[PDB]
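Raw data30.cif, mmCIF, C-alpha atoms:
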```cif
data_model
loop_
_atom_site.label_atom_id
_atom_site.label_comp_id
_atom_site.auth_asym_id
_atom_site.auth_seq_id
_atom_site.Cartn_x
_atom_site.Cartn_y
_atom_site.Cartn_z
CA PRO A 1 0.00 0.00 0.00
CA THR A 2 1.13 3.52 -0.79
CA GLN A 3 1.35 4.46 2.90
CA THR A 4 3.92 1.81 3.80
CA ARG A 5 5.63 2.43 0.46
CA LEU A 6 6.01 6.09 1.43
CA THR A 7 7.29 5.31 4.93
CA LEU A 8 9.77 2.76 3.55
CA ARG A 9 11.04 5.39 1.12
CA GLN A 10 11.43 7.86 3.99
CA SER A 11 13.28 5.28 6.10
CA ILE A 12 15.64 4.34 3.26
CA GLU A 13 16.39 8.00 2.47
CA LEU A 14 18.22 8.58 5.75
CA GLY A 15 20.17 5.38 5.04
CA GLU A 16 18.57 2.83 7.37
CA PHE A 17 15.95 0.09 7.08
CA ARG A 18 13.67 0.06 10.10
CA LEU A 19 11.90 -3.27 10.48
CA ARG A 20 8.73 -1.93 12.15
CA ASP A 21 7.51 -0.05 9.07
CA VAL A 22 6.86 -3.17 6.98
CA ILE A 23 5.33 -5.32 9.73
CA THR A 24 4.45 -4.73 13.45
CA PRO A 25 5.01 -7.17 16.35
CA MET A 26 1.27 -7.71 16.84
CA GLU A 27 1.01 -8.61 13.15
CA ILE A 28 3.97 -10.97 13.58
CA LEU A 29 2.21 -12.71 16.46
CA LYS A 30 -1.16 -12.80 14.66
CA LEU A 31 0.05 -14.02 11.26
CA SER A 32 2.47 -16.65 12.59
CA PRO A 33 1.64 -20.12 13.93
CA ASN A 34 1.40 -20.39 17.70
CA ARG A 35 4.53 -21.96 19.20
CA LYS A 36 6.31 -22.33 22.52
CA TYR A 37 8.45 -19.47 21.27
CA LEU A 38 6.59 -16.22 21.71
CA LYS A 39 4.35 -17.66 24.46
CA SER A 40 5.79 -16.29 27.75
CA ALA A 41 5.68 -12.79 29.09
CA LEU A 42 9.48 -12.68 29.27
CA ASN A 43 9.70 -14.23 25.79
CA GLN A 44 7.24 -11.73 24.31
CA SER A 45 9.00 -8.83 26.05
CA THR A 46 12.41 -9.78 24.68
CA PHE A 47 10.85 -10.38 21.26
CA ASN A 48 9.48 -6.84 21.26
CA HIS A 49 12.85 -5.56 22.47
CA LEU A 50 14.60 -7.28 19.55
CA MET A 51 11.69 -6.27 17.31
CA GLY A 52 11.94 -2.47 17.58
CA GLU A 53 14.74 -0.10 16.58
CA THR A 54 17.40 -2.32 18.17
CA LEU B 1 11.35 9.01 -22.92
CA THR B 2 13.40 11.62 -21.04
CA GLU B 3 14.11 14.56 -23.37
CA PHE B 4 14.70 17.12 -20.60
CA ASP B 5 18.43 17.15 -21.41
CA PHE B 6 19.83 20.39 -22.81
CA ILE B 7 22.95 21.32 -24.79
CA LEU B 8 24.96 24.55 -24.50
CA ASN B 9 27.18 24.92 -27.55
CA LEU B 10 30.22 27.01 -26.65
CA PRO B 11 25.66 14.09 0.77
CA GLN B 12 22.23 13.23 -0.65
CA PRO B 13 20.37 9.93 -1.07
CA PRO B 14 20.76 8.35 -4.54
CA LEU B 15 17.05 8.51 -5.34
CA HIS B 16 17.78 8.94 -9.06
CA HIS B 17 18.83 5.30 -9.49
CA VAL B 18 15.17 4.21 -9.50
CA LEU B 19 15.00 5.59 -13.05
CA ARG B 20 17.73 3.02 -13.89
CA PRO B 21 15.77 -0.26 -13.94
CA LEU B 22 18.18 -2.24 -16.15
CA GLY B 23 21.77 -3.39 -15.95
CA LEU B 24 24.17 -5.56 -13.99
CA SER B 25 26.51 -3.45 -11.82
CA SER B 26 27.06 0.05 -13.28
CA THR B 27 24.41 1.75 -15.42
CA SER B 28 26.19 4.79 -16.90
CA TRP B 29 24.60 4.03 -20.26
CA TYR B 30 21.60 5.91 -18.85
CA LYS B 31 23.76 9.04 -18.71
CA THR B 32 25.00 8.06 -22.18
CA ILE B 33 21.53 7.95 -23.78
CA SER B 34 21.27 11.74 -23.75
CA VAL B 35 24.71 11.89 -25.38
CA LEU B 36 23.64 9.63 -28.26
CA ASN B 37 20.77 12.00 -29.11
CA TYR B 38 23.43 14.52 -30.19
CA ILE B 39 26.39 12.40 -31.29
CA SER B 40 24.45 9.98 -33.52
CA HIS B 41 24.01 12.64 -36.23
CA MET B 42 27.77 12.90 -36.80
CA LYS B 43 30.11 10.08 -37.82
CA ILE B 44 32.44 8.57 -35.22
CA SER B 45 32.29 4.92 -36.34
CA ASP B 46 35.47 5.15 -38.42
CA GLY B 47 38.69 4.90 -36.44
CA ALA B 48 39.33 3.38 -33.04
CA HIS B 49 37.58 4.24 -29.78
CA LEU B 50 39.31 4.75 -26.43
CA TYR B 51 37.59 4.53 -23.03
CA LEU B 52 39.54 5.92 -20.07
CA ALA B 53 38.51 4.65 -16.62
CA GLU B 54 35.42 3.07 -18.19
CA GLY B 55 35.15 0.54 -15.36
CA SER B 56 32.12 -1.67 -15.98
CA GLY B 57 32.06 -0.60 -19.63
CA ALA B 58 28.31 -0.03 -19.75
CA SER B 59 28.68 3.21 -21.74
CA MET B 60 31.22 1.46 -23.87
CA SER B 61 28.73 -1.28 -24.73
CA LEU B 62 25.85 1.05 -25.51
CA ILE B 63 28.07 3.33 -27.60
CA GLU B 64 29.47 0.32 -29.47
CA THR B 65 26.09 -1.16 -30.43
CA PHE B 66 24.94 1.99 -32.23
CA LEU B 67 28.34 3.61 -32.92
CA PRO B 68 30.69 0.75 -33.84
CA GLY B 69 34.46 1.11 -34.01
CA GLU B 70 37.14 -1.06 -35.57
CA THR B 71 39.37 -1.17 -32.48
CA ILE B 72 38.32 -0.54 -28.88
CA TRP B 73 40.87 0.05 -26.12
CA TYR B 74 39.30 -0.48 -22.71
CA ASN B 75 41.16 1.10 -19.80
CA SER B 76 40.29 1.16 -16.10
CA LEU B 77 42.13 1.09 -12.79
CA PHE B 78 42.85 -2.48 -11.70
CA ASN B 79 45.65 -4.31 -9.89
CA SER B 80 46.16 -8.06 -9.76
CA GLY B 81 46.40 -7.92 -5.96
CA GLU B 82 42.62 -8.10 -5.53
CA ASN B 83 42.22 -11.27 -7.60
CA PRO B 84 40.60 -14.27 -5.90
CA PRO B 85 43.16 -16.97 -4.85
CA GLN B 86 44.61 -19.11 -7.66
CA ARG B 87 43.13 -16.80 -10.32
CA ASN B 88 44.82 -14.55 -12.89
CA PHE B 89 41.85 -12.49 -14.05
CA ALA B 90 42.62 -9.58 -16.36
CA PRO B 91 40.65 -6.33 -16.03
CA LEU B 92 37.56 -7.26 -18.03
CA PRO B 93 34.39 -5.11 -17.88
CA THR B 94 31.83 -7.49 -16.41
CA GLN B 95 29.00 -5.45 -17.94
CA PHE B 96 30.55 -5.23 -21.41
CA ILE B 97 31.36 -8.95 -21.61
CA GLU B 98 27.67 -9.94 -21.39
CA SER B 99 26.59 -7.10 -23.68
CA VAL B 100 25.76 -7.39 -27.38
CA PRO B 101 29.14 -6.13 -28.70
CA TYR B 102 31.34 -8.67 -26.91
CA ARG B 103 28.80 -11.47 -27.40
CA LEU B 104 29.00 -10.74 -31.18
CA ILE B 105 32.78 -10.42 -31.05
CA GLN B 106 33.33 -13.77 -29.35
CA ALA B 107 31.18 -15.71 -31.83
CA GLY B 108 32.75 -13.91 -34.79
CA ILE B 109 29.72 -12.17 -36.33
CA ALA B 110 30.53 -8.82 -37.91
CA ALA B 111 29.34 -5.56 -36.36
CA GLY B 112 26.98 -3.01 -37.89
CA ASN B 113 29.81 -1.54 -39.97
CA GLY B 114 30.75 -4.98 -41.32
CA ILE B 115 34.11 -4.92 -39.52
CA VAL B 116 34.51 -7.21 -36.52
CA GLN B 117 35.33 -5.15 -33.45
CA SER B 118 38.79 -5.90 -32.05
CA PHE B 119 38.67 -5.37 -28.28
CA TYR B 120 42.12 -4.99 -26.70
CA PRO B 121 42.26 -3.96 -23.03
CA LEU B 122 45.21 -1.75 -22.09
CA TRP B 123 46.79 -4.12 -19.59
CA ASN B 124 50.30 -5.59 -19.49
CA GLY B 125 50.42 -6.37 -15.75
CA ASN B 126 51.27 -3.05 -14.05
CA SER B 127 48.89 -1.40 -11.59
CA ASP B 128 50.51 2.01 -12.12
CA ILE B 129 49.77 1.52 -15.83
CA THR B 130 46.02 1.48 -15.19
CA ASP B 131 46.33 4.63 -13.05
CA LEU B 132 46.31 7.57 -15.47
CA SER B 133 48.05 9.92 -13.02
CA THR B 134 51.36 8.13 -13.62
CA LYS B 135 53.38 9.25 -16.63
CA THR B 136 54.15 5.61 -17.46
CA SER B 137 50.43 5.02 -17.98
CA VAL B 138 50.24 7.96 -20.39
CA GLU B 139 53.27 6.79 -22.35
CA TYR B 140 52.05 3.18 -22.58
CA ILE B 141 48.50 4.15 -23.56
CA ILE B 142 49.80 6.49 -26.27
CA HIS B 143 52.18 3.75 -27.42
CA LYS B 144 49.61 0.98 -27.84
CA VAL B 145 46.70 2.93 -29.33
CA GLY B 146 49.13 4.78 -31.59
CA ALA B 147 49.10 8.52 -32.22
CA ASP B 148 46.43 9.62 -34.71
CA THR B 149 44.60 6.29 -34.74
CA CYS B 150 41.22 6.84 -33.03
CA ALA B 151 38.22 9.13 -33.48
CA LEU B 152 36.13 8.74 -30.31
CA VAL B 153 37.59 8.95 -26.81
CA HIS B 154 35.24 8.51 -23.84
CA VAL B 155 36.80 9.83 -20.63
CA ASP B 156 34.60 9.26 -17.57
CA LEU B 157 37.17 9.94 -14.85
CA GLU B 158 35.30 11.10 -11.76
CA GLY B 159 36.25 14.40 -10.15
CA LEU B 160 43.38 20.10 -12.25
CA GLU B 161 44.15 16.59 -11.05
CA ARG B 162 47.11 14.86 -12.68
CA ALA B 163 44.92 12.07 -14.07
CA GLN B 164 42.51 14.47 -15.85
CA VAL B 165 45.24 16.46 -17.61
CA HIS B 166 46.95 13.17 -18.43
CA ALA B 167 43.74 11.86 -19.98
CA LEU B 168 43.40 15.17 -21.83
CA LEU B 169 46.77 15.02 -23.55
CA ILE B 170 46.30 11.32 -24.23
CA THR B 171 43.30 12.32 -26.34
CA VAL B 172 45.02 15.32 -27.93
CA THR B 173 47.83 13.04 -29.08
CA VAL B 174 45.73 10.08 -30.21
CA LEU B 175 42.54 11.55 -31.71
CA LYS B 176 42.21 11.65 -35.47
CA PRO B 177 41.66 15.17 -36.87
CA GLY B 178 37.94 15.78 -36.69
CA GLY B 179 37.59 13.18 -33.94
CA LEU B 180 35.15 13.47 -31.07
CA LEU B 181 35.83 13.64 -27.33
CA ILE B 182 33.16 13.04 -24.70
CA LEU B 183 34.32 14.16 -21.26
CA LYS B 184 32.80 13.62 -17.81
CA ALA B 185 33.26 17.12 -16.42
CA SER B 186 31.71 18.70 -13.32
CA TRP B 187 30.22 22.20 -13.13
CA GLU B 188 30.27 22.71 -9.35
CA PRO B 189 34.00 23.58 -9.08
CA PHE B 190 33.58 26.37 -11.62
CA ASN B 191 37.28 27.30 -11.61
CA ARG B 192 38.17 23.79 -12.80
CA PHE B 193 35.42 24.10 -15.42
CA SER B 194 36.89 27.34 -16.78
CA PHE B 195 40.37 25.80 -16.83
CA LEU B 196 39.10 22.72 -18.68
CA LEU B 197 37.09 24.74 -21.19
CA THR B 198 40.04 27.01 -22.00
CA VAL B 199 42.57 24.20 -22.44
CA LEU B 200 40.14 22.19 -24.58
CA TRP B 201 39.21 25.29 -26.60
CA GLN B 202 42.84 25.87 -27.56
CA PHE B 203 42.78 22.67 -29.64
CA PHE B 204 39.11 21.60 -29.88
CA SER B 205 36.35 23.23 -31.91
CA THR B 206 32.58 22.94 -31.48
CA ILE B 207 32.78 22.52 -27.71
CA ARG B 208 29.26 21.59 -26.59
CA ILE B 209 28.17 21.25 -22.96
CA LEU B 210 25.40 18.72 -22.32
CA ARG B 211 23.76 17.82 -19.01
CA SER B 212 22.37 14.29 -19.06
CA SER B 213 18.68 13.99 -18.24
CA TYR B 214 19.51 10.69 -16.48
CA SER B 215 22.38 12.09 -14.40
CA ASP B 216 22.01 12.79 -10.71
CA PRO B 217 20.04 16.03 -10.13
CA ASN B 218 22.46 17.25 -7.42
CA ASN B 219 25.97 16.69 -8.82
CA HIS B 220 26.12 19.45 -11.48
CA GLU B 221 27.37 16.86 -13.98
CA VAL B 222 28.21 17.94 -17.53
CA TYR B 223 29.23 15.72 -20.46
CA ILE B 224 31.53 17.72 -22.73
CA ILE B 225 30.88 17.17 -26.44
CA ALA B 226 33.85 18.56 -28.36
CA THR B 227 35.50 17.86 -31.72
CA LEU B 228 39.23 17.91 -32.38
CA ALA B 229 39.96 20.97 -34.50
CA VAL B 230 41.09 20.17 -38.04
CA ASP B 231 44.65 21.23 -38.92
CA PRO B 232 45.69 22.00 -35.27
CA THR B 233 48.53 24.52 -35.30
CA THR B 234 48.83 24.41 -31.50
CA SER B 235 52.47 24.40 -30.41
CA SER B 236 52.09 21.93 -27.54
CA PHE B 237 49.97 20.88 -24.58
CA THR B 238 52.12 22.59 -21.94
CA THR B 239 51.66 25.99 -23.59
CA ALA B 240 47.89 25.49 -23.51
CA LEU B 241 47.98 24.48 -19.83
CA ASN B 242 50.26 27.35 -18.72
CA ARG B 243 48.25 29.91 -20.71
CA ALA B 244 45.04 28.52 -19.20
CA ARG B 245 46.59 29.16 -15.79
CA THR B 246 47.29 32.71 -16.85
CA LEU B 247 43.70 33.45 -17.97
CA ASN B 248 42.46 31.74 -14.83
CA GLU B 249 44.62 33.89 -12.53
CA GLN B 250 44.62 37.15 -14.55
CA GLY B 251 41.21 37.62 -16.17
CA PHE B 252 37.56 36.61 -16.33
CA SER B 253 36.69 33.03 -17.30
CA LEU B 254 36.25 32.22 -20.98
CA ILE B 255 32.65 31.13 -20.31
CA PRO B 256 30.28 34.05 -21.01
CA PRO B 257 28.05 35.00 -18.07
CA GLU B 258 24.99 34.55 -20.30
CA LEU B 259 25.86 30.87 -20.79
CA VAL B 260 26.29 30.41 -17.03
CA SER B 261 22.88 32.00 -16.42
CA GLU B 262 21.33 29.81 -19.13
CA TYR B 263 22.88 26.69 -17.59
CA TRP B 264 21.56 27.57 -14.14
CA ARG B 265 18.09 28.46 -15.45
CA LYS B 266 17.78 25.16 -17.30
CA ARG B 267 19.43 23.24 -14.44
CA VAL B 268 16.92 24.29 -11.78
CA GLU B 269 13.92 23.29 -13.90
CA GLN B 270 15.58 20.06 -15.05
CA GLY B 271 16.37 19.09 -11.46
CA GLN B 272 12.83 19.85 -10.32
CA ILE B 273 11.31 17.89 -13.22
CA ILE B 274 13.59 14.88 -12.68
CA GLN B 275 12.86 14.93 -8.94
CA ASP B 276 9.11 14.94 -9.60
CA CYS B 277 9.56 12.07 -12.07
CA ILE B 278 11.50 10.02 -9.51
CA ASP B 279 8.95 10.81 -6.76
CA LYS B 280 6.05 9.78 -9.07
CA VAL B 281 7.79 6.61 -10.16
CA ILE B 282 8.47 5.56 -6.56
CA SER B 283 4.98 6.43 -5.32
CA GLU B 284 2.63 5.38 -8.14
CA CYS B 285 4.85 2.44 -9.21
CA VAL B 286 3.49 2.53 -12.75
CA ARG B 287 4.95 -0.49 -14.52
CA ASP B 288 5.63 1.14 -17.90
CA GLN B 289 7.47 4.48 -17.92
CA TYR B 290 10.08 5.74 -20.41
CA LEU B 291 10.01 2.62 -22.57
CA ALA B 292 12.30 3.98 -25.29
CA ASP B 293 15.25 4.48 -22.94
CA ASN B 294 15.06 0.95 -21.53
CA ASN B 295 14.42 -0.40 -25.04
CA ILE B 296 17.78 1.10 -26.03
CA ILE B 297 19.33 -0.79 -23.11
CA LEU B 298 17.65 -4.03 -24.20
CA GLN B 299 18.97 -3.61 -27.75
CA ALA B 300 22.42 -2.94 -26.25
CA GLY B 301 22.29 -6.31 -24.48
CA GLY B 302 21.12 -5.15 -21.06
CA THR B 303 18.71 -7.26 -19.02
CA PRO B 304 16.91 -6.72 -15.70
CA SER B 305 19.36 -7.98 -13.09
CA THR B 306 16.74 -8.13 -10.31
CA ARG B 307 15.84 -11.66 -11.47
CA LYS B 308 19.02 -13.20 -10.06
CA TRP B 309 19.66 -10.89 -7.10
CA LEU B 310 16.00 -11.06 -6.00
CA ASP B 311 14.90 -14.70 -6.30
CA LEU B 312 12.02 -14.16 -3.87
CA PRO B 313 8.49 -15.01 -5.05
CA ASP B 314 5.97 -12.41 -6.17
CA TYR B 315 3.01 -12.74 -3.82
CA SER B 316 -0.26 -11.46 -5.28
CA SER B 317 -1.57 -10.22 -1.91
CA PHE B 318 -0.08 -8.01 0.79
CA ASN B 319 -1.55 -10.22 3.53
CA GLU B 320 0.47 -13.18 2.22
CA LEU B 321 3.57 -11.00 2.12
CA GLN B 322 3.20 -10.03 5.73
CA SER B 323 2.47 -13.68 6.58
CA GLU B 324 5.72 -14.73 4.91
CA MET B 325 7.85 -12.64 7.28
CA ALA B 326 5.55 -13.69 10.11
CA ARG B 327 6.88 -17.18 9.41
CA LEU B 328 10.45 -16.06 8.68
CA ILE B 329 11.08 -13.97 11.80
CA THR B 330 9.36 -16.37 14.20
CA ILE B 331 11.29 -19.31 12.73
#
```

What is this structure when it is put down as structure tokens?
Amino acid sequence: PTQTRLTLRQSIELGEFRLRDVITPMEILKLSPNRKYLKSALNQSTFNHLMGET
Amino acid sequence: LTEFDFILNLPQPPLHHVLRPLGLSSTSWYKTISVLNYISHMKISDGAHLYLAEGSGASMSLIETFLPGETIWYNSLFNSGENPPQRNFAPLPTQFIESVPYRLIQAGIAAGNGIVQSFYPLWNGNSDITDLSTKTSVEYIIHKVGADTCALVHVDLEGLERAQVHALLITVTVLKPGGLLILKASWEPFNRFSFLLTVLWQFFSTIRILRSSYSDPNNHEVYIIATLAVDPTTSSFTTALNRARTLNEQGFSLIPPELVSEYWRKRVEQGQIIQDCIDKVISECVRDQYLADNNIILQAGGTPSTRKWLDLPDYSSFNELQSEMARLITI
């Protein structure tokens, strides 16, 4: 969609590729099969930590 | 078709590369397309062609397909030190080798002129020989191509430096009378531009300045289109250089102010138009834009290289795309 296309262009212009623009952690959890990974509060917290700008 | 290029007869993101949707590695043929629109009328096919610092040889390929020469002397900076272990690779333009001219050379078919192109790289084994700033490189290049043997010389040395003046007097020595030089100048250091224009004007006639419609809209790039003056009574190159220093440090630049104003007036509008074109191409993502330019590339032997670098599938839905990384990241 043109909105995420625009925000990806903006992100690339400064010279970085932020992962959150293409797909969000809630989308990752929703669109992926349920597994033991990404099931515990600590596991979800560290997934979001590794999922953001880091 | 991009016909926003203009001729003057005398720290930013590389967004402009989106308008270059064809070609493995370098794509300077896009900057060459605007040059062809003015050099195709005249005759440069006869005589040899010389390409200084051509690198990937993309411009060389696309010039060769439509403007074919008998002998072609590739030249770019390369040392054997960076070869992969147990390999003895010569400097070979990886874009020119897969192009139409070399593919037709290797299998023996004649070119458009009926004479099979003879492609000899200027390489005997010395790294200083590929570096034009050394005097040995100048002497060897002049030796092999032979003085008064070629008609077109394509110098694309990026931005006077020793290598530029060395490339200049390589051409002056080797061009046939009436031959053509295309030079990759740069307008932003205007003092260097005035120096270059004066020294070239001493021994070239019909000096034309052309800004490529496909060049970057921020680099003030100019492709000099000049012809070697017939019957050149110039004493030598050093006199031209020294005298150019005088004019540069004693009087106004040879470029008229009206031409500078014209260049700036056309440059601002060309940059704005090209920026809008790039912005529209990125946003709308219309599949078919400027088909003639890419058709020229296809005739030259260029192919879309995204097929091999991007082997990923083409999902028909955005939900499936997101789902694909939902699997990838979680796995």

What are the closest atom pairs, with distances in Å to one decimal, for all residues of chain A lying within 7 Å of chain B? Consider only C-alpha atoms, order rows by chain and residue number, and present the result as a tab-separated table.
```
residue	atom	partner	partner_atom	distance
A:2	CA	B:283	CA	6.6
A:6	CA	B:283	CA	6.8
A:13	CA	B:13	CA	5.7
A:23	CA	B:322	CA	6.5
A:28	CA	B:326	CA	4.7
A:31	CA	B:323	CA	5.3
A:32	CA	B:326	CA	4.9
```

Matched chain/residue IDs from the PyMOL selection byres ((chain A and resi 53) around 10), as a PyMOL selection string: chain A and resi 17-20+48-52+54

Keeping only C-alpha atoms, take the residues you just selected and write them out as a tab-separated table (two decimals), in the frame of the given file.
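Ended up saving to selection19.tsv:
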```tsv
chain	number	residue	atom	x	y	z
A	17	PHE	CA	15.95	0.09	7.08
A	18	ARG	CA	13.67	0.06	10.10
A	19	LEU	CA	11.90	-3.27	10.48
A	20	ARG	CA	8.73	-1.93	12.15
A	48	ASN	CA	9.48	-6.84	21.26
A	49	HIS	CA	12.85	-5.56	22.47
A	50	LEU	CA	14.60	-7.28	19.55
A	51	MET	CA	11.69	-6.27	17.31
A	52	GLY	CA	11.94	-2.47	17.58
A	54	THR	CA	17.40	-2.32	18.17
```

Nearest to residue 141 (chain B) by atom-to-atom distance, counting only C-alpha atoms, from B:55, B:176, B:74, B:92: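 Once distances to residue 141 (chain B) are computed over only C-alpha atoms, the minimum belongs to B:74.
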
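When CA of residue 49 (chain B) is paired with CA of residue 71 (chain B), their separation reads 6.3 Å.
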
Explicit residue set for the PyMOL selection byres ((chain B and resi 64) around 10), as a compact mmCIF listing (two decimals) with C-alpha atoms, keeping the file's coordinate frame:
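Output saved as result-v1.txt:
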```txt
# COMPACT_ATOMS: atom_id res chain seq x y z
CA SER B 45 32.29 4.92 -36.34
CA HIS B 49 37.58 4.24 -29.78
CA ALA B 58 28.31 -0.03 -19.75
CA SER B 59 28.68 3.21 -21.74
CA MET B 60 31.22 1.46 -23.87
CA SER B 61 28.73 -1.28 -24.73
CA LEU B 62 25.85 1.05 -25.51
CA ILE B 63 28.07 3.33 -27.60
CA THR B 65 26.09 -1.16 -30.43
CA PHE B 66 24.94 1.99 -32.23
CA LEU B 67 28.34 3.61 -32.92
CA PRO B 68 30.69 0.75 -33.84
CA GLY B 69 34.46 1.11 -34.01
CA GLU B 70 37.14 -1.06 -35.57
CA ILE B 72 38.32 -0.54 -28.88
CA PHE B 96 30.55 -5.23 -21.41
CA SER B 99 26.59 -7.10 -23.68
CA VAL B 100 25.76 -7.39 -27.38
CA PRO B 101 29.14 -6.13 -28.70
CA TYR B 102 31.34 -8.67 -26.91
CA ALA B 111 29.34 -5.56 -36.36
CA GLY B 112 26.98 -3.01 -37.89
CA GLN B 117 35.33 -5.15 -33.45
CA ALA B 300 22.42 -2.94 -26.25
```

Nearest to residue 307 (chain B) by atom-to-atom distance, counting all atoms listed in the file, from B:21, B:159, B:57, B:114: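 Going through B:21, B:159, B:57, B:114 one by one, the smallest distance to residue 307 (chain B) is for B:21.
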
Sel. within 10 Å of pt (42.1, 19.3, -35.9), counting only C-alpha atoms, output as a list in words: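 Final list of nearby residues, as requested, is residues 172, 175, 176, 177, 178, 179, 203, 204, 205, 227, 228, 229, 230, 231, 232, 233 and 234 of chain B.
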
Skipping near chain neighbours, those fewer than 6 positions away, what residues fall within 12 Å of residue 39 (chain A) using all atoms listed in the file, listed as a PDB file with C-alpha atoms, keeping the file's coordinate frame?
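The result, stored in around_31.pdb:
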```pdb
ATOM      1  CA  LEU A  29       2.210 -12.710  16.460  1.00  0.00           C
ATOM      2  CA  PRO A  33       1.640 -20.120  13.930  1.00  0.00           C
ATOM      3  CA  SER A  45       9.000  -8.830  26.050  1.00  0.00           C
ATOM      4  CA  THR A  46      12.410  -9.780  24.680  1.00  0.00           C
ATOM      5  CA  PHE A  47      10.850 -10.380  21.260  1.00  0.00           C
TER       6      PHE A  47
ATOM      7  CA  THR B 330       9.360 -16.370  14.200  1.00  0.00           C
TER       8      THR B 330
END
```

Coordinates-based distance that separates CA of residue 202 (chain B) from CA of residue 52 (chain B) (Å, one decimal):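 Going from CA of residue 52 (chain B) over to CA of residue 202 (chain B) covers 21.6 Å.
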
Matched chain/residue IDs from the PyMOL selection byres ((chain B and resi 250-256) around 12), as number ranges by chain: B: 8-10, 187, 190-202, 207-209, 243-249, 257-263

Polymer residues at most 7 Å from residue 53 (chain B), all atoms listed in the file, same-chain spacing of 2 or more positions, as a list in words: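 Answer for this query is residues 51, 55, 75, 76, 77, 155, 156 and 157 of chain B.
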
Computed interatomic separation between CA of residue 3 (chain A) and CA of residue 25 (chain A) (Å): 18.2 Å

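Nearest to residue 140 (chain B) of all the residues B:122, B:152, B:220, B:215 is B:122, based on all atoms listed in the file.
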
Polymer residues at most 12 Å from residue 91 (chain B), only C-alpha atoms, same-chain spacing of 3 or more positions, as an MDAnalysis selection string: chainID B and resid 53:57 73:83 88 94:97 120:127 130

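Between residue 158 (chain B) and the candidates B:41, B:308, B:184, B:16, the tightest atom-to-atom separation, counting all atoms listed in the file, involves B:184.
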